[PDB]
Amino acid sequence: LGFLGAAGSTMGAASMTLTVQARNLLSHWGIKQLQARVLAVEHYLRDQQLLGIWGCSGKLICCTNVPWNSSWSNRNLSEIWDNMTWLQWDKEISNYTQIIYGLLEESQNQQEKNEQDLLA
Amino acid sequence: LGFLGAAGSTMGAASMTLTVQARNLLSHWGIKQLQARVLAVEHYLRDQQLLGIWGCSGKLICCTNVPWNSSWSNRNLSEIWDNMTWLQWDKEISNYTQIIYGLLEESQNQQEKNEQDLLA
Amino acid sequence: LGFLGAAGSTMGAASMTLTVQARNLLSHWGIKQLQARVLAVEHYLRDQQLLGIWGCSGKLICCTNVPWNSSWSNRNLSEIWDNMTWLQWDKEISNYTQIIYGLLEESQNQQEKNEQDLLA
Amino acid sequence: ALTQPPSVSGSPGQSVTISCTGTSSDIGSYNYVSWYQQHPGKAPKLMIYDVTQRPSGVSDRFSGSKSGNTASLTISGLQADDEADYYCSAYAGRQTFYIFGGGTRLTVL
Amino acid sequence: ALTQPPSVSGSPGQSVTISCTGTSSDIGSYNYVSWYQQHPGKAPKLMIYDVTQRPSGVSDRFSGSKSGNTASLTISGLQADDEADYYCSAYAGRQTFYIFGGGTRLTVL
Amino acid sequence: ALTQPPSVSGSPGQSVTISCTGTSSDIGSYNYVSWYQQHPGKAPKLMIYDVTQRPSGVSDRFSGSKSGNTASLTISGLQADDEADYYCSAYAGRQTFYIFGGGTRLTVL
Amino acid sequence: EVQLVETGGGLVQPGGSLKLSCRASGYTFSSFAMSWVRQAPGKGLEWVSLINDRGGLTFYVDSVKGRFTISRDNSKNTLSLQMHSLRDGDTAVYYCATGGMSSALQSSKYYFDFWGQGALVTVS
Amino acid sequence: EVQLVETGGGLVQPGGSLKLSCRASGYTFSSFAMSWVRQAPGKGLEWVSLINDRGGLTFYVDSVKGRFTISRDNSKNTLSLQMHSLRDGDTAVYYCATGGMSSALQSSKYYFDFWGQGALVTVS
Amino acid sequence: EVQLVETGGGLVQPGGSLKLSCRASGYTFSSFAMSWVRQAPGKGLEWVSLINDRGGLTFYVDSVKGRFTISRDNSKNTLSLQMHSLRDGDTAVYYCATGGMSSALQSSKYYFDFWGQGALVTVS
Ligand SMILES: *[C@@H]1O[C@H](CO[C@@H]2O[C@@H](C)[C@@H](O)[C@@H](O)[C@@H]2O)[C@@H](O)[C@H](O)[C@H]1NC(C)=O
Ligand SMILES: *[C@@H]1O[C@H](CO[C@@H]2O[C@@H](C)[C@@H](O)[C@@H](O)[C@@H]2O)[C@@H](O)[C@H](O)[C@H]1NC(C)=O
Ligand SMILES: *[C@@H]1O[C@H](CO[C@@H]2O[C@@H](C)[C@@H](O)[C@@H](O)[C@@H]2O)[C@@H](O)[C@H](O)[C@H]1NC(C)=O
Ligand SMILES: *[C@@H]1O[C@H](CO[C@@H]2O[C@@H](C)[C@@H](O)[C@@H](O)[C@@H]2O)[C@@H](O)[C@H](O)[C@H]1NC(C)=O
Ligand SMILES: *[C@@H]1O[C@H](CO[C@@H]2O[C@@H](C)[C@@H](O)[C@@H](O)[C@@H]2O)[C@@H](O)[C@H](O)[C@H]1NC(C)=O
Ligand SMILES: *[C@@H]1O[C@H](CO[C@@H]2O[C@@H](C)[C@@H](O)[C@@H](O)[C@@H]2O)[C@@H](O)[C@H](O)[C@H]1NC(C)=O
Ligand SMILES: *[C@@H]1O[C@H](CO)[C@@H](O)[C@H](O)[C@H]1NC(C)=O
Ligand SMILES: *[C@@H]1O[C@H](CO)[C@@H](O)[C@H](O)[C@H]1NC(C)=O
Ligand SMILES: *[C@@H]1O[C@H](CO)[C@@H](O)[C@H](O)[C@H]1NC(C)=O
Ligand SMILES: *[C@@H]1O[C@H](CO)[C@@H](O)[C@H](O)[C@H]1NC(C)=O
Ligand SMILES: *[C@@H]1O[C@H](CO)[C@@H](O)[C@H](O)[C@H]1NC(C)=O
Ligand SMILES: *[C@@H]1O[C@H](CO)[C@@H](O)[C@H](O)[C@H]1NC(C)=O
Ligand SMILES: *[C@@H]1O[C@H](CO)[C@@H](O)[C@H](O)[C@H]1NC(C)=O
Ligand SMILES: *[C@@H]1O[C@H](CO)[C@@H](O)[C@H](O)[C@H]1NC(C)=O
Ligand SMILES: *[C@@H]1O[C@H](CO)[C@@H](O)[C@H](O)[C@H]1NC(C)=O
């Protein structure tokens, strides 16, 4: 039930421990320790900025309007959520995360403009 | 009307100055000053992360689905909002804030899963 | 199509590149480099805090309930969005941004209180 | 909206009951039923609120209660001066905030 | 949806007025009333928009106005060539975007 | 809600078709049409789901299909034991989740 | 002693307009929500409109929703109602009342504590 | 073998209340959404209510929406329905069924896989 | 000079389908919202559908809402309407028109600036 305890569990089980890991992301001699702390903050903020760009700010589970390409993975839901742990899944689609991230950004950019014109 | 000016006022009056305090949370010799600045940022981010975990990201007043236990405090609304300043209130329930924070996290975790299954 | 590429384009064109600039805001000898990094983070967080205070957290385009005073600028939409680049616009209303920011904060403070009383 | 009877009556010293029947998304959902006393020619006075409470300033001869979708006002030591049109009302949600019944012309015999 | 009269008429040189009466959540709420001129066999032409404005390309003999829930089109120096079916329309919200009246067969005598 | 005929029939060895006609915001919008077989006195059994699929445990004599707003169940090598009330149902959105037709009393001659 | 005094209008033609106002004293005006309750000459009471103690939130009965405006001035202790299009069906005594709502940090209301005597509005 | 067994009530007076319950075995109870389907003595099937596998989300047919409650206990493998105000029109066989919904990380359902035999509820 | 030319269909059977298209020239196509306006042989004008200049937002009159699709191609300067289930009541001249909406950073429209001549669609 602690940090990374679910690392060996199935994706559908591990997805219930997202707050366990989220809370462990934040907290001349002594300078390299400041560099490590500053860097940890910068890393954290980049991931948070990215979620904001995709329209997922403030949440751990975020649904989008980006469809899945089976060229990315053609496994079904029982193969992915009831087997392939998150470590296994990450390896399998590592080659596609930049394509997916680009498509999440493009979608949010269309959504924010369509919503401003409906408030007009 | 300045920072902490409302500290001696009633909770229902002090609650109207939340932006006054929120804006004053952010801004070898010289190293201890960097440590103080890095630490101030880390503190800030932990409170913001915690609000996000509870589903209160981006707001100063956030209503939740967590009921009040009168074992925490059995005072009524006139006792709490028209007397007991925030300093007094903080002392009275200090023993219960970890129980309340845990219950806020558990509630948000159920809410995000119930909302993803209704978008399915 | 890169960072600040749209700087010489019209406001209505440049507004479509907001993610290009947003992503370039984050990333004794060596101390002044830590000071620069800590400062960059603090600057970033102040702008993000300010958007949160105004109720614009998590978005690049945010509509508000603050009307425009033509004392601030009496130009029409074709003058502003189909000419005056953002650099030109920023010069023209620089004298009024603190008035506008104050009015955005006041509006959000009324909105959050009206919404808590409708959930009651 | 709410149904309450006309012409409830009784003699001094006898109790009377004035009923109020509503619906499920009304009396059956919220415990916010109040009663008002209107003498002809005067504005209504609050007698009962939140089903069973009475304001300071009124007697304890007036007592509210409810069961199911029906609320009622009980008047105990009935006096000649109780003649009035009694009305019930209830909170019925955020779409149709308040509803009222017709008046009950209580007559003391 | 909108009501405007049939058979408005007058002789050359006389003015005519073609009325258009709508509702409150229509003409009474938005100042977006336009008028179109349709000669039989042709697509409609815009004559008036935003209650009082006219597009480049039309004469100043055509002038719009409104009060309350009623809008109208005034034609001043009436010509034989003004014979047409005139229609009013209005923006009526984001649920029922546009509504139109029937046509007014303006006849020049 | 859905319309399917009464009294579909045929002799052993002959195929039969039981139709089910719905609406656009029903069969015409979602491919989630299922069929159930109810012998009198017993709970319904699932025969077909997702328009064309069959569960493990049923024969391949039962085959579903659809076009437009109409779905149907085809039974091929009809047997005496197929006598039953066959019902269609469909998912019809998140407001009115499921709707059913009446039963078709299939009779084997 | 709490007093609510209506100082509104009287006779108006159908399709016209009439504004009511109510002056309050004896209590903190700004601490309470207020409402208008109507009584036709031969009928019981009907709720018409409700306004928040800060003046930001207003609610109406559907029958007047696009026609009446309820407002408030907390500096002048004044409640007001602007009525338009005045149907014959709007003839009634209009009472100024205190109550009908609270502000989340307060105990609830959902009843009317104080009443004025009522203005008579006649549509002929 | 999957079995759903209704162990609910029988005859109730109009305007009363009756609770049904269904015991499940032979499958992981907690992995499936469940529903109640009704059949009047002379009619076909009607959907009445649906509950989520975790018990958090419930849906109803409009005709019972303010009267029936559908619930679940995943520790006791029990599905239940609490009916109130019982109209004569509610006389029917009530079947316990598995299906009608999935959880987003699962393949969809939108059909009913398993049925119980049904409790007969009579309103006289 | 702005020209909108309908190049759509004619006679179709009831319950069938027919697609209209309109070619635009003389203006920047992509700068304007467009709509379809219908005129029955003996009637006045009726608004049917509206599409955004970027093609993302569409609006319909309730009578065709589940039957018609309005689309746009900004590379080919083409507006189109796909009609299904074609009721006898859909017989009309269908006009291609420019206007009905703006994009927030533009002055508003809420009127129709340009009209095509119209395709006649007959349902028999
Ligand atoms: C899905 O992807 C198909 C193939 O895309 C190519 O292969 C994938 C693995 C990536 O390497 C990608 O960069 C390549 O272009 C596309 O042909 C297909 O259109 C895509 N589906 C979409 C986007 O609708
Ligand atoms: C989900 O997939 C299961 C496994 O499918 C088989 O093995 C995988 C690794 C691939 O090679 C695939 O092409 C093979 O067919 C199926 O057994 C299961 O029925 C599928 N579930 C659904 C609902 O389709
Ligand atoms: C409310 O709390 C009751 C007592 O809980 C106990 O006392 C409080 C002060 C804490 O110290 C807590 O850790 C103890 O367990 C519970 O019995 C009661 O069930 C609670 N109400 C709820 C959660 O519904
Ligand atoms: C709110 O509470 C007021 C004070 O109550 C009394 O004093 C407190 C400190 C406790 O000891 C409590 O048990 C006592 O009864 C009441 O005067 C007031 O009426 C209450 N308000 C409401 C709406 O109930
Ligand atoms: C719009 O501004 C008007 C003038 O305000 C004054 O001039 C502007 C340029 C600022 O310097 C401001 O601080 C000055 O007060 C106001 O008179 C007018 O009321 C304002 N409109 C509003 C707020 O409704
Ligand atoms: C938008 O404004 C255009 C320019 O207006 C003129 O020049 C500006 C710089 C000011 O000095 C202004 O007072 C002048 O009138 C107009 O040509 C154009 O028509 C306007 N558009 C609309 C929709 O009103
Ligand atoms: C490890 O696998 C076993 C099955 O072999 C399973 O019961 C157990 O829960 C798994 N551990 C974790 C952390 O999921
Ligand atoms: C693993 O995948 C298969 C489908 O390939 C699925 O049937 C099963 O539920 C998954 N998990 C288990 C429990 O083996
Ligand atoms: C991922 O990319 C590597 C090359 O970098 C390639 O060999 C592999 O087949 C790709 N496929 C996977 C694992 O998705
Ligand atoms: C301090 O208390 C007095 C009442 O004794 C009150 O009027 C004043 O507003 C209070 N000060 C603050 C900051 O609330
Ligand atoms: C303090 O508490 C009491 C209830 O205990 C309440 O009546 C009063 O409003 C509160 N504030 C003041 C003004 O004393
Ligand atoms: C809080 O805890 C302390 C012990 O740490 C205890 O003495 C006190 O009674 C508790 N109650 C309060 C102040 O809520
Ligand atoms: C610079 O101005 C020209 C017109 O003179 C325009 O075509 C070009 O797109 C503009 N450059 C940018 C970056 O907008
Ligand atoms: C610049 O401003 C004028 C209005 O002043 C407007 O007509 C034009 O669209 C704008 N841009 C261009 C293309 O010159
Ligand atoms: C802005 O302020 C300066 C003085 O600081 C003044 O000269 C100028 O006219 C003002 N107006 C503008 C550019 O908006």
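We count ligands from 1, going down the list as the structure has it; atoms in each ligand are counted the same way. Per chain, numbering begins at 1; letters A, B, ... match sequence-line order.
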Answer with yes or no whether the side chains of [Y] and [X] bring together a donor and an acceptor at under 3.5 Å.
X	Y	result
C:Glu106	C:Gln110	no
A:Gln108	A:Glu112	yes
F:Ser89	F:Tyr87	no

Any donor and acceptor pair, going by atom type alone, linking the side chain of [X] with main-chain N or O of [Y] inside 3.5 Å?
X	Y	value
F:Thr23	F:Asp26	no
F:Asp82	F:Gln79	yes
F:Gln4	F:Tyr86	yes

Check ligand 8 against [X] and write out every atom of the ligand that is under 4.0 Å from a heavy-atom position of the residue.
X	answer
A:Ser78	1 (C), 2 (O), 4 (C), 6 (C), 10 (C)
A:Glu79	2 (O), 5 (O)
A:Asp82	9 (O), 10 (C), 11 (N), 12 (C)

[atom]: protein heavy atom closer than 4.0 Å?
atom	value
atom 21 (N) of ligand 2	yes
atom 24 (O) of ligand 2	yes
atom 14 (C) of ligand 2	no
atom 4 (C) of ligand 2	no

Crowded around C:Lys59 NZ? As in, over 12 foreign heavy atoms under 6.0 Å?
->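 Counting other residues, nucleotides and ligands, NZ of C:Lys59 stays at 12 neighbours or fewer.
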Plane angle bin for A:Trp81 and A:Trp86 - parallel if under 30°, tilted between 30 and 60°, otherwise perpendicular |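 Aromatic pair A:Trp86/A:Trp81 classed perpendicular.
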Please work out whether the ring planes of F:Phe97 and H:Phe59 are parallel, tilted or perpendicular, with thresholds of 30° and 60°.
->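 F:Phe97 and H:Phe59: tilted rings.
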Shortest heavy-atom approach to atom 2 (O) of ligand 2 - which of A:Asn76, A:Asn83, A:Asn74 =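 It is A:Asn76 that holds the nearest heavy atom.
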Taking all non-hydrogen atoms of both residues into account, name the closest pair between A:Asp117 and I:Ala104 and its distance.
->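 Heavy-atom minimum between the residues: OD1-CB, 3.5 Å.
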Identify, chain by chain and in numerical order, each protein residue with a heavy atom under 4.0 Å from an atom of ligand 15.
->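 The answer is C:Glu92, C:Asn95, C:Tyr96, counting any residue whose heavy atom sits under 4.0 Å from ligand 15.
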Contact check, side chains of C:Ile80 and C:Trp89, non-hydrogen atoms, under 4.5 Å =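 They are in contact (side-chain heavy atoms under 4.5 Å apart), so the answer is yes.
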What protein heavy atom sits nearest atom 9 (C) of ligand 2, and how far off is it?
->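 So the nearest neighbour among protein heavy atoms is A:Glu79 OE1, 3.4 Å.
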Would one find an N or O of A:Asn76, backbone or side chain, under 3.5 Å from an N or O of ligand 8?
->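 Min N/O separation from ligand 8 is not below 3.5 Å for A:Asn76.
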Those atoms of ligand 2 less than 4.0 Å from some heavy atom in H:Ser107 |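 Ligand 2 atoms under the 4.0 Å threshold to H:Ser107: 23 (C).
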